[PDB]
Protein chains: 2
Amino acid sequence: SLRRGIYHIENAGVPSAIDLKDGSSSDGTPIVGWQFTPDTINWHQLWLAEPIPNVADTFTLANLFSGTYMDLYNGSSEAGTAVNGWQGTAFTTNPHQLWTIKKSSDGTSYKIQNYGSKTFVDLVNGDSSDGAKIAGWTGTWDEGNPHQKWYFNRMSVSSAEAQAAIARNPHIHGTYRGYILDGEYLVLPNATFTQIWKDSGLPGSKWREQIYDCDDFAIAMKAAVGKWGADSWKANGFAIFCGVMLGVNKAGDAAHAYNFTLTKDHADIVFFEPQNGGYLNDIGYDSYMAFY
Amino acid sequence: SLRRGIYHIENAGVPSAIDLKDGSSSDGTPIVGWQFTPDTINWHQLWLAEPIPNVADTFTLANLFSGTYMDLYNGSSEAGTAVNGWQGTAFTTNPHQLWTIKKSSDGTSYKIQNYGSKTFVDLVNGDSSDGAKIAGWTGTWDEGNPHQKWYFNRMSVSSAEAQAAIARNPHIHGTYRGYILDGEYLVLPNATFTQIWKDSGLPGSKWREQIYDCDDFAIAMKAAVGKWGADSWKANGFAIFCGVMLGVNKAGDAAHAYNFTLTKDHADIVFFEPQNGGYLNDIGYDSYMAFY
Ligand SMILES: C[C@@H]1O[C@@H](O[C@@H]2[C@@H](O[C@H]3O[C@H](CO)[C@H](O)[C@H](O)[C@H]3O)[C@@H](O)[C@@H](CO)O[C@@H]2O)[C@@H](O)[C@H](O)[C@@H]1O
Ligand SMILES: C[C@@H]1O[C@@H](O[C@@H]2[C@@H](O[C@H]3O[C@H](CO)[C@H](O)[C@H](O)[C@H]3O)[C@@H](O)[C@@H](CO)O[C@@H]2O)[C@@H](O)[C@H](O)[C@@H]1O
Ligand SMILES: C[C@@H]1O[C@@H](O[C@@H]2[C@@H](O[C@H]3O[C@H](CO)[C@H](O)[C@H](O)[C@H]3O)[C@@H](O)[C@@H](CO)O[C@@H]2O)[C@@H](O)[C@H](O)[C@@H]1O
Ligand SMILES: C[C@@H]1O[C@@H](O[C@@H]2[C@@H](O[C@H]3O[C@H](CO)[C@H](O)[C@H](O)[C@H]3O)[C@@H](O)[C@@H](CO)O[C@@H]2O)[C@@H](O)[C@H](O)[C@@H]1O
Ligand SMILES: C[C@@H]1O[C@@H](O[C@@H]2[C@@H](O[C@H]3O[C@H](CO)[C@H](O)[C@H](O)[C@H]3O)[C@@H](O)[C@@H](CO)O[C@H]2O)[C@@H](O)[C@H](O)[C@@H]1O
Ligand SMILES: C[C@@H]1O[C@@H](O[C@@H]2[C@@H](O[C@H]3O[C@H](CO)[C@H](O)[C@H](O)[C@H]3O)[C@@H](O)[C@@H](CO)O[C@H]2O)[C@@H](O)[C@H](O)[C@@H]1O
Ligand SMILES: *[C@@H](C(=O)O)[C@H](O)C(=O)N[C@@H](CC(C)C)C(=O)NCCCCNC(N)=[NH2+]
Ligand SMILES: *[C@@H](C(=O)O)[C@H](O)C(=O)N[C@@H](CC(C)C)C(=O)NCCCCNC(N)=[NH2+]
Ligand SMILES: [Ca+2]
Ligand SMILES: [Ca+2]
Ligand SMILES: [Ca+2]
Ligand SMILES: [Ca+2]
Ligand SMILES: [Ca+2]
Ligand SMILES: [Ca+2]
Ligand code: NA
Ligand code: NA
């Protein structure tokens, strides 16, 4: 079954993502196909899938930027029915906003079925142009039609997935303890992680003994990413990934505070030095504590 | 022996503190007696005592605001010699800036002797008016003269002292682990702690599930206090006290993130709720983790 999380949803036949037009929170804003740039935040194209309790394989889909919900207009089962953003809530009983999402007959892409209409999210005519209509349409679970197939490319990790990534790192001290703060995390491309660092004022901050030293840079980076998350997204129910670590060197005679992020594949961590913006597979310290 | 730390230094005969006039970093700025307000940050009246290695009871005294050093002008042993702020470093060999500080014959106040001249810091004539001259003067270690006696009222804690304060709290979980970031900490009056919170923007921040929830408020408060410390003080070698805690309720079914500070007596901690500015002796959670 599809996991709770944040997805970039890409048509299987042409490289168009599901896009809430202009990111607008107005009710009735069209959801359209649109091109995308890999390894970026695609600002209007991220969707938080919230599973519904006791309704197998069925979800709301909140646009991360607008906080509004994928909605089949008036629930109609007519082919060509509008799919728009619309105000709602994560666990609504409104069928217009409830979507049964299960694997297609290719085993990798998914179909997206409205729970009330039983019709499917369809890139009309397989049109690849920017702004192409997405509609509800008649269909079947098993058929090959690529207009109705969608790759759910996962952009978040659970806390357990983050924990796993840490656990297979080679630079973890024997005394390590991790402290988990949230449940579901948007993983940032390094280009975005870097941007937040640049915009934080940290690049200009001078190292000063105790009063503005490693711990202060690492905590300030984590607070900057937290502030960015809230200021940037209107949906709730997830956090932004940015860890702090405390580590000790191999000799046991120096310790350091720094940050960490995750690889593009979500399988491994990467250290970040908030005093200079560098990313390192080996920062020269084994982590004895992390919070994230 | 006097401990490394930050002191407000108050004459024993009249309630005048040792004040670097206007907080000025100019070389030759006079150090004067001046009235003070208890339970405030007295901005021009805080002094960081750095012990010198292998020189018993002898220190530099850096003004916390200016980062300049108490200096006996040209080292003269003449009575009436100026005592001024002057550029220097924490472990200088310049005797003009080195001060042997030991208890007076009352056992509670201290005398402050220049290491090169062997003369003593003296509030001339015991003058209580704002701006009264402080000079080097002839004297003895044992005599009663209040012009040369000074109470060193300690405004910082060591990390070990902070640890002790935590350890005697009644609201510490059996699994608690603390992570110590710095060595010496300025303890803020709650009036100042509050000010930093108000100025941080946190009072206006809305609680939002995961994206701006308890952990984000607590971390943002700690980062605000860190930023305030660096922006406010020019001396190095100390930090500002502001902890983060993670805690669990008595039933074991709810957890929360918050901050903590220390009492005026430095003996106990006080919890702070960064979502509303409240101070509480009991926040309803036992801490299982802290960093500070
Ligand atoms: C059958 C109809 O269902 C609800 O109205 C839906 C709309 O529902 C959503 O928006 C309205 C405001 O327009 C409201 O906030 C509601 O809680 C939310 O779920 C929406 O799905 C539109 C477009 O497809 O269709 C309906 O107008 C409900 O509010 C109505 O009273 C009525 O029961
Ligand atoms: C090229 C074309 O592709 C398929 O038709 C799709 C449509 O497919 C869906 O709707 C049709 C009815 O119009 C039918 O219910 C089918 O099972 C269902 O998948 C639909 O995707 C539209 C809009 O994008 O485009 C095409 O018309 C195929 O069934 C046609 O025979 C034909 O090969
Ligand atoms: C004997 C004299 O000692 C030093 O000069 C001191 C001053 O020392 C402090 O300030 C100077 C700059 O004015 C410099 O930065 C130095 O490192 C610092 O310790 C100061 O104590 C004044 C006032 O009492 O007296 C002397 O001018 C040294 O720089 C001189 O070359 C010379 O050795
Ligand atoms: C009222 C006055 O108090 C004392 O004299 C202080 C001075 O005391 C210090 O300097 C004198 C020499 O002038 C002497 O060396 C003494 O041992 C030493 O403490 C000094 O504090 C000045 C400036 O503030 O004020 C007074 O003159 C006392 O010795 C006097 O006899 C007299 O009672
Ligand atoms: C916020 C905004 O994002 C970008 O424009 C979006 C646009 O973004 C997608 O399409 C562009 C090309 O038009 C690129 O492929 C991006 O990588 C995609 O993410 C769409 O989402 C449309 C329709 O909703 O809205 C635009 O605002 C970017 O071009 C803007 O400069 C800006 O950063
Ligand atoms: C930064 C500045 O601090 C205060 O003025 C200082 C002054 O502060 C002391 O004396 C005042 C009365 O003049 C109060 O008792 C304070 O509680 C003391 O800390 C002195 O340090 C003088 C001489 O260096 O400089 C002034 O700037 C305050 O009155 C100002 O408004 C301001 O906040
Ligand atoms: C880091 C820097 O600015 O380079 C700065 O030296 C610092 O604070 N170092 C601390 C450790 C960090 C907070 C992790 C430090 O060296 N502390 C002394 C020992 C305590 C940490 N080590 C262990 N294992 N407890
Ligand atoms: C706190 C709030 O905004 O009220 C928010 O619920 C939160 O993040 N709670 C977390 C705990 C904090 C990070 C301390 C939470 O409840 N986590 C679930 C359990 C993990 C924490 N408990 C223990 N002991 N590990
Ligand atoms: Ca057909
Ligand atoms: Ca949380
Ligand atoms: Ca620090
Ligand atoms: Ca005398
Ligand atoms: Ca430190
Ligand atoms: Ca959070
Ligand atoms: Na730097
Ligand atoms: Na509030």
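As the structure lists them, so they are numbered: ligands from 1, and atoms in each ligand from 1. Reckoned from all heavy atoms, side chains included, excluding hydrogens, waters and symmetry mates. Chain identifiers are assigned alphabetically (A, B, ...) following the order of the sequence lines, protein sequences preceding nucleic acid strands; residue numbering begins at 1 within each chain.
Using a 4.0 Å threshold on non-hydrogen atoms, atom 4 (C) of ligand 5 does not count as touching the protein. For atom 30 (C) of ligand 5, the nearest protein heavy atom is 4.0 Å or more away. In this structure, atom 19 (O) of ligand 5 has protein heavy atoms in its sub-4.0 angstrom surroundings. The presence of a protein heavy atom under 4.0 Å from atom 13 (O) of ligand 5 is confirmed.
Atoms of ligand 5 found under 4.0 Å from any heavy atom of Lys21(A) (numbered from 1 in listed order, with element): 24 (O). Under a 4.0 Å criterion applied to the non-hydrogen atoms of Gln45(A), ligand 5 contributes the atoms 9 (C), 18 (C), 19 (O). For ligand 5, the atoms sitting less than 4.0 Å from at least one non-hydrogen atom of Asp22(A) are 23 (C), 24 (O), numbered in the order shown with element in parentheses. Residue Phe36(A) has at least one heavy-atom neighbour below 4.0 Å for each of these atoms of ligand 5: 15 (O), 17 (O). Set against the non-hydrogen atoms of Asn42(A), the atoms of ligand 5 under 4.0 Å away are 16 (C), 17 (O), 18 (C), 19 (O).
Electrostatic pairing of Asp39(A) and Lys264(A) counts as a salt bridge here, judged by a charged N lying under 4.0 Å from a carboxylate O. For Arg168(B) and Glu161(B), the salt-bridge test fails: no basic side-chain N is under 4.0 Å from an acidic carboxylate O. We find that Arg154(A) and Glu184(A) are joined by a salt bridge, their nearest charged nitrogen and carboxylate oxygen being less than 4.0 Å apart.
With ring centers used as reference points, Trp228(B) lies 6.0 Å or more from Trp197(B). No close placement of the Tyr151(A) and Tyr7(A) rings is indicated, their centers lying 6.0 Å or farther apart. Between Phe152(A) and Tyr110(A), the gap from one ring centroid to the other is short of 6.0 Å. Within the 6.0 Å centre-distance limit, the rings of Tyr258(B) and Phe271(B) are counted as a close aromatic pair. Here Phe291(B) and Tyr179(B) keep their ring centres 6.0 angstrom or further from each other.
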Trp47(A) vs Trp99(A), test: ring pair (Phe, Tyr, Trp, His ring centres under 6.0 Å). Steps then yes/no. CA-CA 13 Å; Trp47(A) 299 87; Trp99(A) 300 98; 9.7 Å; no

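Between the OG1 atom of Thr261(B) and the OH atom of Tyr279(B) there is a distance of 6.5 Å, given to the nearest 0.5 Å.
Qualifying side-chain contact (heavy atoms from CB on, under 4.5 Å) partners for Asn236(A), counting only residues two or more places apart in sequence or in other chains: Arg208(B), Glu209(B), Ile211(B).
With hydrogens left out, the protein atom closest to atom 25 (O) of ligand 5 is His44(A) ND1, 3.1 Å, a heavy atom. With hydrogens left out, the protein atom closest to atom 24 (O) of ligand 5 is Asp19(A) OD1, 2.6 Å, a heavy atom. The nearest protein atom to atom 15 (O) of ligand 5, hydrogens excluded, is given as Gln35(A) O, 3.2 Å; this is a heavy-atom distance. Here the heavy atom of the protein found nearest to atom 33 (O) of ligand 5 is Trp43(A) CD1, 4.7 Å. Scanning all protein heavy atoms for the shortest distance to atom 17 (O) of ligand 5 gives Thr37(A) OG1, 2.7 Å.
Taking 3.0 Å as the limit, the number of protein N, O or S atoms around the Ca ion (ligand 13) is 4.
In this structure, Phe65(B) and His44(B) have tilted ring planes: the angle between them lies in the 30° to 60° band. In this structure, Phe272(B) and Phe193(B) have perpendicular ring planes: the angle between them is above 60°, well past the 30° mark.
The proximity of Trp34(A) to ligand 5, defined as any non-hydrogen pair under 4.0 Å, is limited to the side chain. Contact annotation for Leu20(A) and ligand 5: only backbone heavy atoms (N, CA, C, O) come within less than 4.0 Å of the ligand.
Atom NZ of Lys21(A) sits in a sparse spot, with 12 or fewer heavy atoms from other residues, nucleotides or ligands closer than 6.0 Å.
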